[PDB]
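Q: Just passing along the structure, written as structure tokens.
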Amino acid sequence: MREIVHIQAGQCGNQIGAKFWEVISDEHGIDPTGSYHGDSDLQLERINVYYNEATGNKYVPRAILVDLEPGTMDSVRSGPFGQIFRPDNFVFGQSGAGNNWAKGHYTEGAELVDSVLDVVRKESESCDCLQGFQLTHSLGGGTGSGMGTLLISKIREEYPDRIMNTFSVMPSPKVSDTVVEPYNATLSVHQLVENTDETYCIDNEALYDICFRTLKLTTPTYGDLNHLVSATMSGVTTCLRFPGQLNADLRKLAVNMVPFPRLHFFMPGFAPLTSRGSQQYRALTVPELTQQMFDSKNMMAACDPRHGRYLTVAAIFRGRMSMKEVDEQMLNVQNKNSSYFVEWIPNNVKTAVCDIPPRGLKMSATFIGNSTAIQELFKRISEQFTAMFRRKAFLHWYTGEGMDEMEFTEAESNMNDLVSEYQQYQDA
Amino acid sequence: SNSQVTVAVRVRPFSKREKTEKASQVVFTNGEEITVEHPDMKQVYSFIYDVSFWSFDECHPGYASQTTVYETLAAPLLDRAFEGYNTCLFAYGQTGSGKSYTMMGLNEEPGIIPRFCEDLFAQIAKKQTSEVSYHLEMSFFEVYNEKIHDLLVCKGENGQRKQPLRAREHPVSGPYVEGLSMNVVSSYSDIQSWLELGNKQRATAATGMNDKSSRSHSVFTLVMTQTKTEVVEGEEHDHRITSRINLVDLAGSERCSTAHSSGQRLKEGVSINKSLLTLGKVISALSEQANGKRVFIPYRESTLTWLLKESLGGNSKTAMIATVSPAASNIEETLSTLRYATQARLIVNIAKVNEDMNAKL
Amino acid sequence: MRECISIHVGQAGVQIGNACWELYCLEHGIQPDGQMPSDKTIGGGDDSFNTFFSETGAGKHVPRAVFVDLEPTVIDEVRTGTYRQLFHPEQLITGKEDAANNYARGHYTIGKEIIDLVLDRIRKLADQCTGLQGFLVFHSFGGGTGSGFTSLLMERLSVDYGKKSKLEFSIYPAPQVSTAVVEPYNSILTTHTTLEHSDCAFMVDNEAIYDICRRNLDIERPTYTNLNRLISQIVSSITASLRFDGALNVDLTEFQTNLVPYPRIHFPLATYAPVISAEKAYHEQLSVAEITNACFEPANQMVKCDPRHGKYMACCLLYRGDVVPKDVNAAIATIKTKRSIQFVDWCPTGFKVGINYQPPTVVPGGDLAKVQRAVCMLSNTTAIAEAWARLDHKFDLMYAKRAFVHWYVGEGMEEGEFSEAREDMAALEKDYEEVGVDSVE
Ligand SMILES: CC(=O)O[C@H]1C(=O)[C@@]2(C)[C@H]([C@H](OC(=O)c3ccccc3)[C@]3(O)C[C@H](OC(=O)[C@H](O)[C@@H](NC(=O)c4ccccc4)c4ccccc4)C(C)=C1C3(C)C)[C@]1(OC(C)=O)CO[C@@H]1C[C@@H]2O
Ligand SMILES: Nc1nc2c(ncn2[C@@H]2O[C@H](COP(=O)(O)OP(=O)(O)OP(=O)(O)O)[C@@H](O)[C@H]2O)c(=O)[nH]1
Ligand SMILES: Nc1nc2c(ncn2[C@@H]2O[C@H](COP(=O)(O)OP(=O)(O)O)[C@@H](O)[C@H]2O)c(=O)[nH]1
Ligand SMILES: Nc1ncnc2c1ncn2[C@@H]1O[C@H](COP(=O)(O)OP(=O)(O)O)[C@@H](O)[C@H]1O
Ligand SMILES: [Mg+2]
């Protein structure tokens with residue numbers, strides 16, 4: 001069987017993963033004691049994609065946590081679903097990075113990545129056939145970028161043939177929650193695009209717009225944003241855990257959605273999202289979802305697709321539905337909005353279906369899309385970055401931990417070349 | 001401000017071991033055009049290249065000996081190297097096609113390299129005056145599973161050791177290798193020693209093809225520095241000139257699938273073929289970059305390209321030659337080369353859309 | 001004896017085979033547990049035939065088939081459904097990992113370590129068979145397993161066994177619809193080898209069955225289960241001559257004889273009589289003439305390929321149920337009178353005929369109806385050129401930019417194994433253009 005590890009780094013990852021497990025456990029019917037209390041045998045035919053087994057019919061996740069400095073270690077442990085995690089896997093250190101990519105890549109992370117990779121190996125070699133790895137880290141910050149990219153660069157050396165799938169929170173355009181976002185994000189993208197197969201670029205302003213406009217929520221906290229990102233995380237693997245009429249897996253997405261290797265920066269999405277009152281007036285069918293997926297606002301990535309072209313699209317579905325309706329609607333989209341798709345590929349959409357839906361819904365979906373619009377993000381940084389580099393604003397903190405300007409220029413000229421590789425195909 | 005490619009080929013003659021078995025010829029030529037007809041007589045593929053070296057029979061006109069290959073391919077690289085431009089030459093052919101007789105040669109019939117180098121030193125000793133000076137450094141490194149290694153270094157008195165050589169992008173001078181040796185050379189008797197010290201440490205292995213099959217790309221750089229500029233109000237050079245020559249040997253596009261390869265030999269044919277694909281993409285991008293079409297040139301997908309962003313592209317001049325065999329037992333081995341070098345299509349059915357008309361006041 | 005082997009590959013293969021073996025177990029009065037109360041009551045007859053279901057001593061019955069996917073989620077649904085007790089437990093879940101919708105994995109880097117068990121099982125099933133043989137591979141183009149494993153198995157079965165019939169009842173890709181984007185490359189690479197090592201490959205197109213389902217049976221929201229039952233009925237119409245009795249029987253060798261003129265033009269099309277729903281089962285006679293006219297009526301073809309833009313080179317017609325041959329002859333002559341159905345000059349004979357007295361069956365949970373007669377047509381036409389060239393163009397648009405290759409060179413496929421196949425299909429696009437030319441002195 002196919003199996004996944006879940007590395008979980010930073011103040012976003014160590015908060016996302018708790019929500020992700022508090023979501024999958026509800027799918028596989030696990031309680032925070034690790035025991036099972038479900039109702040369907042399908043939950044345990046293929047539970048081993050994520051969970052291992054303990055002695056007394058308990059189940060424990062293959063979660064690794066890397067920089068749980070006690071403010072977050074305790075926050076997970078003093079929580080509902082914190083008891084199940086393996087304590088030897090709660091790795092941590094002290095004297096954190098402090099919003100510094102270097103302190104999380106060169107100096108402190110180098111002292112701890114050995115201890116982390118030991119847990120990675122000890123968990124992997126228990127698996128029968130590894131399919132890939134995951135990660136959920138923040139960019140612009142220090143540790144989620146540094147330690148995450150370090151672990152990636154070392155894992156892909158040890159385990160090159162396998163998948164590595166980093167679900168990252170990229171910086172926001174307008175409201176920056178950190179003034180060293182561009183340096184760290186650039187230096188991380190310099191190490192992600194080379195040493196990664198697919199990564200899904202989430203952004204927070206788009207999720208805030210999604211939660212304020214579509215769900216009509218007046219008090220959106222971070223846990224409600226993670227509550228979405230987790231749904232996507234689960235919708236990506238429903239084809240791997242549960243059965244359907246046309247299965248799929250992460251390798252299929254990484255094959256069909258990555259025509260060229262460097263163009264593996266994606267825009268995810270998830271249907272149907274609606275308010276608690278406005279669920280009485282919405283018909284739950286396929287075309288409603290398909291409309292709510294290709295909309296510019298369900299985009300979690302903060303990039304209007306209509307400004308560019310979708311090189312490739314993948315749609316995972318969950319529920320007892322048809323295959324003709326799916327194909328018909330996707331063909332209608334390929335034929336109506338022809339300009340928003342590419343010409344040198346005649347079909348730019350694929351499908352995957354699971355015949356077992358989410359616990360409280362009848363039929364959901366998950367969207368992945370590679371576009372030329374995402375370059376906007378890496379254009380913004382390449383305007384934010386260089387202005388800081390000319391007058392060398394936040395530079396001394398990054399030289400003082402063993403770096404140089406040269407590396408930064410490498411990262412800049414690996415971002416801008418990729419922006420050009422995107423912009424090659426959006427004119428005509 | 002254009003470029004060229006100048007793809008070419010070379011059809012060897014039968015070896016005696018293959019001439020006594022009465023092996024059937026499968027490669028004919030019509031001047032510029034080349035063709036490949038099976039022994040079964042159901043299909044005939046016909047290709048067209050900018051150059052065609054027909055080395056089958058000494059009686060045929062248009063006989064392309066070693067010196068012909070020199071004067072046709074290598075001397076313009078020599079010229080542009082003097083004119084302050086960087087040059088890059090490639091040699092391709094699967095095992096048995098005799099790349100070595102085309103590049104290096106024999107001690108009675110030379111190849112390209114030594115003719116090129118001796119014309120270099122003769123032109124130097126001709127132009128060598130008190131004002132001008134010429135300084136030459138060299139290097140000979142490889143690529144193996146996308147990792148960089150140096151063949152020129154004498155290996156440490158050690159076990160099996162993979163080297164820490166990694167790439168770095170200077171913002172101006174371009175990409176380079178961190179820690180690569182650069183030895184100086186004056187006469188060819190030294191460069192021969194350096195190359196023969198290099199090749200022995202190369203990555204090779206045995207297969208169904210032969211015991212001697214290369215499994216790592218080779219790059220051989222010659223950096224030439226001209227020092228002529230001298231200031232009149234004082235002894236100072238306003239500028240120097242530097243030209244980078246890069247002669248390159250490629251690995252054969254193994255079909256791992258038909259060789260029942262498994263393990264470390266399967267992790268090479270996957271890297272080799274990747275580098276060849278990126279190289280073909282890059283050259284097919286350059287050939288369009290000569291025709292005014294603005295496109296992207298992915299020098300980043302492969303190290304063999306990333307180290308050559310400056311040489312392959314710009315005010316430079318690439319070059320290629322591809323060795324094939326005319327025997328009817330190496331047909332699928334051969335045609336791939338003929339289909340890998342399909343970068344001589346520059347005026348083949350281009351469309352047309354022009355809007356500028358009668359511009360006036 | 002008269003026996004066949006049925007192989008299935010991939011999710012498409014298993015999802016066809018489940019319907020097929022459901023139908024077979026329904027026809028012979030078999031229950032899902034291999035047993036027969038019908039023979040226990042009757043006390044005679046070969047009803048659970050030795051052609052598909054072999055026989056142990058306890059009255060049980062065991063299929064002459066296996067299936068492999070490299071994708072356990074399908075077979076493990078057979079090992080937990082209604083039909084877990086029927087099959088031999090050797091359904092090859094070697095699915096420690098999928099074949100990534102690519103041909104390189106299925107043909108070499110994930111087909112290694114799996115195929116040998118399949119050859120062992122095929123030998124074990126062949127040695128149980130004392131006579132006639134023939135393999136029915138149910139696979140799929142575009143997909144990686146259904147392409148790679150099919151190629152790697154057929155090139156080995158042309159080696160070990162050789163002079164037997166091998167028939168591929170595969171799913172062609174639709175030109176507009178498709179559930180993938182790497183479909184054409186894998187399709188072409190499969191064709192490159194299955195033009196040699198196979199003997200006749202019947203094709204279908206899921207868009208065609210979608211149109212057939214909405215237009216005739218009045219089904220707006222189908223599923224693949226509603227299609228695979230039509231396909232099982234196709235196969236049953238093929239095989240009724242071998243299992244059951246009838247006037248004119250057509251053995252597997254005759255299909256590959258009469259419909260394959262030249263060795264490279266063995267890619268025909270198929271159809272049935274699904275103008276037949278339960279409400280419209282009334283209001284219609286369903287004679288032989290009407291169905292023989294319908295089988296050539298476009299929008300009922302199971303491959304979207306307008307034949308009027310091309311020509312027919314051969315046809316076979318296999319009838320079930322109550323048929324009197326003079327009706328068959330009147331029907332065939334009614335087609336030969338028409339001019340919108342062009343034939344080649346060199347096949348004036350045109351048609352093969354097969355008749356079987358057993359009618360079809362009716363799966364409970366079915367969209368079709370009970371009929372006293374039913375038809376299956378299998379035609380070889382030049383029009384499928386238009387069905388190839390589309391996949392020949394999409395390829396040429398994409399391969400020019402060398403997209404989607406790095407995943408395939410990642411698993412041993414060369415850059416130059418593509419053009420070696422594209423030119424093969426260029427030849428096959430010519431050997432459908434020379435066959436449709438009328439001879440001249
Ligand atoms: C009466 C009723 O149907 O309640 C629904 C509900 O009202 C709606 C609005 C639910 C509700 O979702 C939210 O309230 C919400 C809040 C913040 C951020 C995101 C969602 C619901 O909370 C969410 C919850 O959905 C699920 O439970 C899914 O299984 C989801 N899992 C969880 O939400 C979950 C969260 C914590 C712990 C355990 C499970 C899921 C689905 C697929 C993959 C991963 C997770 C459901 C059915 C509902 C409520 C409960 C109201 C919706 O949920 C989702 C993610 O699709 C919001 O839009 C759908 C449509 C549902 O109608
Ligand atoms: N007719 C029919 N076709 C199906 C069915 N299920 C899947 N397919 C076809 O299968 C194709 C998708 O690839 P598959 O053949 O399933 O490949 P696979 O079985 O998943 O094996 P891999 O390629 O290794 O993943 C599509 O073109 C579908 O048309 C089915 O139930 N009936
Ligand atoms: N979606 C989400 N983002 C978060 C959360 N917590 C922090 N972040 C983001 O993470 C970034 C800060 O990164 P941080 O983890 O503090 O840096 P690090 O400690 O060095 O890894 C900010 O831009 C936040 O938007 C969370 O709970 N949810
Ligand atoms: N133009 C030529 N005339 C005569 N012999 C040639 C010619 N080109 C190649 N050969 C023969 O080919 C042989 C070299 O093949 P080899 O170098 O082993 O293949 P590879 O270059 O792939 O290693 C030489 O021994 C040489 O005799
Ligand atoms: Mg599959």
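Scheme for the structure tokens: letters A, B, ... for chains in order shown; per-chain residue numbers from 1; ligand numbers from 1 in order shown.
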Select all residues from chain A having any atom no more than 12 Å from an atom of chain B (counting only C-alpha atoms, ignoring ligands), output as a short mmCIF file (atom, residue, chain, number, x, y, z; two decimals) with N, CA and C atoms, in the first residue's frame.

A:
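Ended up saving to part-v3.cif:
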data_model
loop_
_atom_site.label_atom_id
_atom_site.label_comp_id
_atom_site.auth_asym_id
_atom_site.auth_seq_id
_atom_site.Cartn_x
_atom_site.Cartn_y
_atom_site.Cartn_z
N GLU A 157 17.62 14.30 -1.91
CA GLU A 157 18.86 13.57 -2.12
C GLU A 157 18.72 12.12 -1.67
N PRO A 160 15.06 10.52 -3.96
CA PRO A 160 14.78 11.36 -5.13
C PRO A 160 13.57 10.92 -5.92
N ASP A 161 13.39 9.62 -6.12
CA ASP A 161 12.31 9.11 -6.96
C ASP A 161 10.93 9.40 -6.41
N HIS A 190 14.10 29.79 -4.44
CA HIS A 190 15.31 29.35 -5.12
C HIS A 190 15.62 27.89 -4.83
N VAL A 193 11.82 25.30 -6.25
CA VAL A 193 11.51 25.00 -7.64
C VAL A 193 12.47 23.96 -8.19
N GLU A 194 13.69 23.94 -7.67
CA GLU A 194 14.66 22.93 -8.08
C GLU A 194 14.39 21.58 -7.45
N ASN A 195 14.00 21.57 -6.18
CA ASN A 195 13.99 20.38 -5.36
C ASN A 195 12.57 20.04 -4.91
N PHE A 260 6.27 21.03 -17.87
CA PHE A 260 7.68 21.26 -17.60
C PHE A 260 7.90 21.32 -16.10
N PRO A 261 9.10 21.00 -15.62
CA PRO A 261 9.26 20.77 -14.18
C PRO A 261 9.17 22.03 -13.35
N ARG A 262 9.78 23.11 -13.81
CA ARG A 262 9.81 24.36 -13.07
C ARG A 262 8.44 25.01 -12.95
N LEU A 263 7.48 24.63 -13.77
CA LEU A 263 6.14 25.21 -13.74
C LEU A 263 5.22 24.38 -12.85
N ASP A 404 26.09 35.60 1.87
CA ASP A 404 26.65 36.63 1.02
C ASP A 404 25.59 37.11 0.04
N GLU A 405 25.90 38.22 -0.63
CA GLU A 405 24.99 38.83 -1.58
C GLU A 405 24.78 37.96 -2.81
N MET A 406 25.81 37.20 -3.18
CA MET A 406 25.78 36.39 -4.38
C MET A 406 24.58 35.45 -4.39
N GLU A 407 24.39 34.71 -3.29
CA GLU A 407 23.28 33.78 -3.16
C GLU A 407 21.94 34.47 -3.37
N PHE A 408 21.80 35.67 -2.82
CA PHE A 408 20.56 36.41 -2.99
C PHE A 408 20.33 36.74 -4.45
N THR A 409 21.40 37.10 -5.16
CA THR A 409 21.23 37.39 -6.58
C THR A 409 20.87 36.14 -7.37
N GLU A 410 21.44 34.99 -7.00
CA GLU A 410 21.01 33.73 -7.60
C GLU A 410 19.52 33.53 -7.44
N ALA A 411 19.02 33.79 -6.23
CA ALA A 411 17.60 33.55 -5.98
C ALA A 411 16.74 34.51 -6.79
N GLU A 412 17.19 35.76 -6.90
CA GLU A 412 16.44 36.74 -7.69
C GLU A 412 16.38 36.34 -9.15
N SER A 413 17.51 35.89 -9.70
CA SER A 413 17.58 35.55 -11.11
C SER A 413 17.13 34.13 -11.40
N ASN A 414 16.70 33.39 -10.38
CA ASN A 414 15.95 32.16 -10.58
C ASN A 414 14.46 32.38 -10.45
N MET A 415 14.04 33.41 -9.72
CA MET A 415 12.65 33.84 -9.75
C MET A 415 12.27 34.55 -11.03
N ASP A 417 13.61 34.53 -14.01
CA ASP A 417 13.63 33.67 -15.17
C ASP A 417 12.38 32.79 -15.21
N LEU A 418 11.90 32.39 -14.03
CA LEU A 418 10.69 31.59 -13.98
C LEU A 418 9.46 32.43 -14.30
N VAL A 419 9.45 33.68 -13.85
CA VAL A 419 8.39 34.60 -14.23
C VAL A 419 8.36 34.75 -15.74
N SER A 420 9.53 34.79 -16.37
CA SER A 420 9.58 34.85 -17.82
C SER A 420 9.09 33.56 -18.45
N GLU A 421 9.40 32.43 -17.82
CA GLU A 421 8.96 31.15 -18.37
C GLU A 421 7.45 31.03 -18.32
N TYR A 422 6.83 31.68 -17.34
CA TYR A 422 5.38 31.76 -17.31
C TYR A 422 4.87 32.72 -18.38
N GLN A 423 5.42 33.94 -18.42
CA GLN A 423 4.94 34.97 -19.32
C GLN A 423 5.15 34.62 -20.78
N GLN A 424 5.97 33.62 -21.08
CA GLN A 424 6.14 33.17 -22.45
C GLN A 424 4.80 32.79 -23.08
N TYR A 425 3.93 32.13 -22.33
CA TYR A 425 2.65 31.67 -22.83
C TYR A 425 1.53 32.40 -22.10
N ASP A 427 0.34 35.47 -24.31
CA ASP A 427 0.04 36.52 -25.27
C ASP A 427 -0.94 36.03 -26.33
#

Q: Check which residues of chain C sit at most 7 Å from chain B using only C-alpha atoms, and return one row each with the closest pair of atoms and their distance in Å to one decimal, ordered by chain and rising number, as a tab-separated table.

A:
residue	atom	partner	partner_atom	distance
C:108	CA	B:257	CA	6.0
C:406	CA	B:274	CA	6.7
C:409	CA	B:270	CA	5.8
C:410	CA	B:270	CA	5.3
C:411	CA	B:270	CA	6.5
C:412	CA	B:256	CA	5.2
C:413	CA	B:255	CA	6.6
C:414	CA	B:255	CA	5.8
C:415	CA	B:277	CA	6.8
C:416	CA	B:336	CA	5.4

Q: Which residues form the shell of 6 Å around ligand 4 when you count only C-alpha atoms and all ligand atoms, given as a PyMOL selection string?

A: chain B and resi 12-13+55+93-101

Q: Mind giving me the straight-line distance from atom CA of residue A:365 to atom CA of residue C:139 in Å, one decimal?

A: 28.0 Å

Q: Using only C-alpha atoms, I'd like every residue of chain C that has an atom within 8 Å of chain A; please write them out as an MDAnalysis selection string.

A: chainID C and resid 11 72:74 95:98 100:101 176:182 210 221:224 394 397:398 403:407

Q: I need the residues in stretch 333-393 of chain A that are alpha helix (DSSP H) according to DSSP; give them as an MDAnalysis selection string.

A: chainID A and resid 333:336 375:390

Q: The selected residues should be written to file as a short mmCIF file (atom, residue, chain, number, x, y, z; two decimals), in the first residue's frame (atoms: N, CA and C atoms).

A:
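The file below, result.cif, is the result:
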data_model
loop_
_atom_site.label_atom_id
_atom_site.label_comp_id
_atom_site.auth_asym_id
_atom_site.auth_seq_id
_atom_site.Cartn_x
_atom_site.Cartn_y
_atom_site.Cartn_z
N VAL A 333 -16.50 24.04 -20.44
CA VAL A 333 -15.57 25.06 -19.98
C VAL A 333 -14.39 25.19 -20.93
N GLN A 334 -13.87 24.06 -21.42
CA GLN A 334 -12.78 24.10 -22.38
C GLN A 334 -13.17 24.79 -23.67
N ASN A 335 -14.45 24.79 -24.02
CA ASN A 335 -14.91 25.32 -25.29
C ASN A 335 -15.41 26.75 -25.20
N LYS A 336 -16.01 27.14 -24.08
CA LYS A 336 -16.50 28.51 -23.94
C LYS A 336 -15.36 29.48 -23.70
N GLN A 375 2.51 34.12 -11.66
CA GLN A 375 3.73 34.90 -11.82
C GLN A 375 3.61 36.25 -11.15
N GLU A 376 2.39 36.81 -11.13
CA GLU A 376 2.12 38.07 -10.45
C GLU A 376 2.71 38.07 -9.05
N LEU A 377 2.48 36.98 -8.31
CA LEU A 377 3.05 36.84 -6.98
C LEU A 377 4.56 36.99 -7.02
N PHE A 378 5.22 36.18 -7.83
CA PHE A 378 6.67 36.25 -7.92
C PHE A 378 7.15 37.48 -8.66
N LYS A 379 6.24 38.25 -9.26
CA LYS A 379 6.64 39.57 -9.72
C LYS A 379 6.67 40.54 -8.56
N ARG A 380 5.65 40.47 -7.69
CA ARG A 380 5.55 41.38 -6.56
C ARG A 380 6.80 41.31 -5.70
N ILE A 381 7.20 40.09 -5.33
CA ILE A 381 8.40 39.91 -4.53
C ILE A 381 9.61 40.46 -5.28
N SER A 382 9.67 40.22 -6.59
CA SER A 382 10.82 40.69 -7.35
C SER A 382 10.82 42.20 -7.53
N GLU A 383 9.74 42.87 -7.12
CA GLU A 383 9.75 44.32 -6.99
C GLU A 383 10.00 44.73 -5.55
N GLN A 384 9.48 43.94 -4.61
CA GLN A 384 9.72 44.22 -3.20
C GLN A 384 11.16 43.89 -2.82
N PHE A 385 11.71 42.83 -3.42
CA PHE A 385 13.01 42.32 -3.02
C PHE A 385 14.12 43.28 -3.41
N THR A 386 14.20 43.62 -4.70
CA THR A 386 15.36 44.33 -5.21
C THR A 386 15.47 45.72 -4.60
N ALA A 387 14.34 46.37 -4.33
CA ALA A 387 14.38 47.67 -3.67
C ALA A 387 15.01 47.58 -2.29
N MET A 388 14.79 46.47 -1.60
CA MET A 388 15.43 46.25 -0.32
C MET A 388 16.89 45.87 -0.49
N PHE A 389 17.25 45.31 -1.64
CA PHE A 389 18.61 44.82 -1.82
C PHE A 389 19.56 45.93 -2.24
N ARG A 390 19.07 46.91 -3.00
CA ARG A 390 19.94 47.99 -3.46
C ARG A 390 20.50 48.76 -2.28
#

Q: So which residues touch stretch 128-139 of chain B within 9 Å, counting only C-alpha atoms, skipping near sequence neighbours fewer than 2 positions away, as a PyMOL selection string?

A: chain B and resi 123-126+141+150-152+180-186+191+194+219-230

Q: Give the strand (DSSP E or B) residues of stretch 198-340 of chain B, as assigned by DSSP on the backbone, as an MDAnalysis selection string.

A: chainID B and resid 204:205 213:214 217:227 241:249 317:324 327

Q: For atom CA of residue B:315 and atom CA of residue B:2, determine how far apart the two atoms are, in Å to one decimal place.

A: 6.7 Å

Q: Using only C-alpha atoms and all ligand atoms, which residues have at least one atom no more than 10 Å from ligand 1? Output them as a PyMOL selection string.

A: chain A and resi 19-27+29+207+210-211+214-215+217+220-238+270-280+282+284+318+357-366

Q: Would you pick out the contacts of residue A:60 at 10 Å or less, using only C-alpha atoms, so that residues sharing its chain but fewer than 5 positions from it are not included, and give the list as a list in words?

A: residues 30, 32, 33, 34, 35, 50, 51, 52, 53, 54, 83, 84, 85 and 86 of chain A

Q: The selected residues should be written to file as a tab-separated table (two decimals), in the first residue's frame (atoms: C-alpha atoms).

A:
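The resulting file, again06.tsv, is shown below:
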chain	number	residue	atom	x	y	z
A	30	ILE	CA	-10.66	8.24	15.08
A	32	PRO	CA	-8.20	11.84	20.26
A	33	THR	CA	-7.32	8.68	22.21
A	34	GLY	CA	-6.34	7.11	18.88
A	35	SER	CA	-9.16	4.58	19.14
A	50	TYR	CA	-1.39	8.38	6.94
A	51	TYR	CA	-1.83	6.49	10.23
A	52	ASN	CA	0.33	3.72	11.66
A	53	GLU	CA	-0.94	1.16	14.20
A	54	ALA	CA	-0.37	0.75	17.92
A	83	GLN	CA	-2.54	13.18	22.72
A	84	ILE	CA	-2.23	10.95	19.66
A	85	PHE	CA	1.00	12.36	18.23
A	86	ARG	CA	4.18	10.42	18.86

Q: Taking 6 positions as the minimum chain separation for residues in the same chain, which residues sit within 10 Å of residue C:234 when counting only C-alpha atoms? Answer as an NGL selection string.

A: :C and (20 or 169 or 228 or 270-273 or 318 or 375-378)

Q: Check the smallest atom-to-atom distance from each of C:226, C:300, C:133, C:233 to residue C:165 using only C-alpha atoms, then report the winner.

A: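 Using only C-alpha atoms, the shortest distance to residue C:165 belongs to C:133.
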